[PDB]
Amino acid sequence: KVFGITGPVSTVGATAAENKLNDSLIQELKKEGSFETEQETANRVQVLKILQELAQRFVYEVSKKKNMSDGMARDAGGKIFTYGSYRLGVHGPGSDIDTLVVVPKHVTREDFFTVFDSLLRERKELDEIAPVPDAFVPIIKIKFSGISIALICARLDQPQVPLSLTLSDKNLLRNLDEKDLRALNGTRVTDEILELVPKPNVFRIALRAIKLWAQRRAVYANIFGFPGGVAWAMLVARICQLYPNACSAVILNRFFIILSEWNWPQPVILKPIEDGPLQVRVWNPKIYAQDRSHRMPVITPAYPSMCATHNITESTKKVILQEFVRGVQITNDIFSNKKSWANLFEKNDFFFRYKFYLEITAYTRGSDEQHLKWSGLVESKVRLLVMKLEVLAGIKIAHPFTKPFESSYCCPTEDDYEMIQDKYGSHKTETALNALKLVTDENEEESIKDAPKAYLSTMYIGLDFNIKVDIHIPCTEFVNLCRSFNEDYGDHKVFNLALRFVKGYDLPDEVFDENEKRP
């Protein structure tokens, strides 16, 4: 049993004391809501039934539009595969379902963003929709029967996709567009990770703990330059390979030690990187300057191997490492009977730890869908601002928080919209925004539900200075950069973007939870 590219660090098995801490770890995971209910799971499976119905109808309808016979259009098939954390079996109650739609050659992504998009919109169950056709991997994001779904589409080079099709055959990848290869590899990567760990259930528990920890410590969000689900999965998988007989609790301790001691940017790799024909691009820092720039590379096992942490910046690297060091101290303390699992999973203090914050607000006076598009675009560029800021001589760190803050306002007139852009983002002025603000208290209320809305999504970057530092160049670049995608958001009567420098004590109330109090 060779798992991975080296032998194990240790084949020593778990002691009674370690197994006791493993039992306690699992109980803390349960208490903290790591595992969804049976009903919640049933709800996911029901969505998957509908998505398959839609996928096949999608392929049939496209086929017919391309003048194929009734019988041939049916034979074209189409199917779905899960991928991501639900397929891996480490999802929680709040996790999305990642769904890959596999379609034959005559069905393209333009079809996906027109016909399949159309089919989703017919559904009474559709709560939200935000198509993102221009992304490294194009996606339709939806909320369906209250469940977040991520939908991507891979076009195979064959006339038919039978329901029985599997993705094991590497021949299926021949000559495929880069975007489709990435799509198919969502599913293939999950399956290979499970193949590459000595004890899948030890791996699953350890990963559930790392997902909870990373969420709590605010080091989980691919979009903002932190590792996402697959990067965290592969990191845990590597530790599992190195300690094949350890319990999950011990894997956590070793995870923090090994990854804090790791000689970054040496890559984390789960299996020898497969060579392909010269037509196919594989992660290789010797050939590609871009790959050489990856700060903490975590490489997917599925051919062709890619880096799952391209978005990591100098600042987010420093934060991840700080958190690993904390993990070492706390897990050691847990194993020496001084601390609890609860201590490890304690919430971050992002909004207490810096003197200064840069506040980024995307405004939309329009539909919820328009706001999802605009705010999604802006959110996707925040890491670019982080990178521009962190290279400025006077900046010690530019630390992005991992989730936007959403709010909406009743906004009957053009003048009201201009007022909202004035008063928001400062605790000094934020009380004046009410009572236009929508709350879970009065949202049911006919006047509130019926009113035109202005929507806000606000992101924060924590700032620490090497010292006033002039930050106008990165900020102005960012403002202008977002505007040009392309002319879709140039209308200032509907879309706006504002950046605000804010000191810690003037941070909005939204930022602090019930248990917490303003500095």
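Residue numbers here begin at 1 and follow the sequence given.
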In the entry, residues of the deposited sequence missing between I467 and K468 amount to 4 to 9
Deposited residues missing from the model between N443 and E444 number 1 to 3
Looking only at C-alpha temperature factors in the entry, 428-436 or 287-295, the higher average sits in 428-436
Averaging the C-alpha temperature factors as deposited, the higher value of 266-274 versus 206-214 falls on 266-274
The residue of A16, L507, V9, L497 with the maximal C-alpha B-factor according to the PDB record is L507
For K493, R44, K64, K31, the deposited C-alpha B-factor is largest at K64
Binned into thirds over the chain's modelled residues, the C-alpha B-factor of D157 lands in the highest
In terms of its chain's C-alpha B-factors, the third that includes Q52 is the lowest
Sorting the chain's modelled residues by C-alpha B-factor and splitting them into thirds places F112 in the middle
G89: CA temperature factor from the record, placed by chain third, in the lowest
Binned into thirds over the chain's modelled residues, the C-alpha B-factor of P198 lands in the lowest
